[PDB]
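Reading the sequence shown from the start, the letters are residues 854 to 1124 in our numbering.
Cβ coordinates follow ideal geometry from the N, Cα and C atoms, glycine included.
Accompanying notes for the structure given below.
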Amino acid sequence: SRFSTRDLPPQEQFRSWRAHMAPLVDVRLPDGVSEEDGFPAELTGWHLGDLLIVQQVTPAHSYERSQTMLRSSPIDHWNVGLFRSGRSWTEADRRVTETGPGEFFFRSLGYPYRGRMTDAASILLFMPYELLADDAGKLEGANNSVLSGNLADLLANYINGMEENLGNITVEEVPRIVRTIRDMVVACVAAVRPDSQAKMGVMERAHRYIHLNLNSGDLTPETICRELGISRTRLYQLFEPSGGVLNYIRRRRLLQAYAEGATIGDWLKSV
């Protein structure tokens, strides 16, 4: 169940690192730092079903996920990230948030953000839109926040116990692991409220529209397109990674009925 990315065997390593991370974030070195110096970085990816765990070790850099990137990007995962060491500072919707050791950031990948991190080691959860779509109201209002407290210590403890046991887990367990991580996450986001510009990317808006109007039997591709302000071809593009918009709605509806050179973009497909 293994995939790995590092740049210790090359020598112009930042350029490679930037390529691998491009679908998610545009990255740049800190002012002053030459590409000569090198850029020792590691990503390590585990698929617990749909939910992706990534162990990241990285030097100081800056990052942007922009509006332009969001117009075309099929990525809208809920991102939760814990720092073992290091510190990030992240701007989104004109507000800066600082995440330090033993704390989590929470962010949707459908909203843009700018930031910087020091050198750091983190463990990152990427959860597909639908995992947490039920509590999406609170999650939109809490975008780019820090999780600290016992409630974050709890989540950290669970993730640490899991990390140690990665590569011994077994599938039977996974669906329950995914469920307590969902519950723990959504519980953490019960956090002090800010007060909203909200320039959401197409895919997050599409996945939400679908979630809200799933039982509307007139949920065609035409209505979605109209109600995003977008063409039929753009909808097809966003959904070509996951078999198409009709294929997706059928899989979603199937589940509603139930119980009644590589990059990180490739890791975020989960097919």
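N- and C-terminal bounds of the alpha helix (DSSP H) containing residue i
i    : result
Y982 : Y982 to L985
Residue i vs residue j beta-carbon contact at 8 Å
i     : j     : result
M1056 : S926  : yes
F959  : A995  : yes
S941  : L992  : no
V1098 : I1077 : yes
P912  : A894  : yes
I1117 : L896  : yes
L901  : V1031 : yes
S938  : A973  : yes
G963  : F936  : no
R967  : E917  : yes
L1019 : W899  : yes
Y1011 : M970  : no
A1043 : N997  : no
Under the three-state DSSP convention, the category residue i falls into
i     : result
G1114 : coil
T1033 : helix
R1105 : helix
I1022 : coil
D946  : coil
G968  : strand
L962  : coil
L977  : strand
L1007 : helix
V999  : strand
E1113 : coil
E956  : coil
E1093 : coil
Inter-residue CB distance, residue i and residue j (contact presumed, cutoff 8 Å)
i     : j    : result
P876  : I928 : 6 Å
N932  : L977 : 7 Å
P981  : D903 : 5 Å
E888  : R868 : 7 Å
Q866  : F892 : 4 Å
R1035 : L984 : 6 Å
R881  : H914 : 7 Å
Beta strand (DSSP E) segment containing residue i, residue limits
i    : result
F892 : Segment: none, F892 is in no beta strand (DSSP E) and carries neither H nor E.
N932 : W931 to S938
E993 : Counting along the chain, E993 falls outside any beta strand (DSSP E), though it belongs to the alpha helix (DSSP H) covering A989 to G994.
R855 : Element bounds for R855: n/a, residue is neither H nor E.
Quick check for students: name the residue ranges of the beta strand (DSSP E) that lie wholly in the stretch 1036-1091, counting only runs of 3 or more.
none
To test your reading of the DSSP string, which unbroken beta strand (DSSP E) runs of 3 or more residues are found completely within the stretch 864-925?
879-881, 895-901, 904-911 and 914-918
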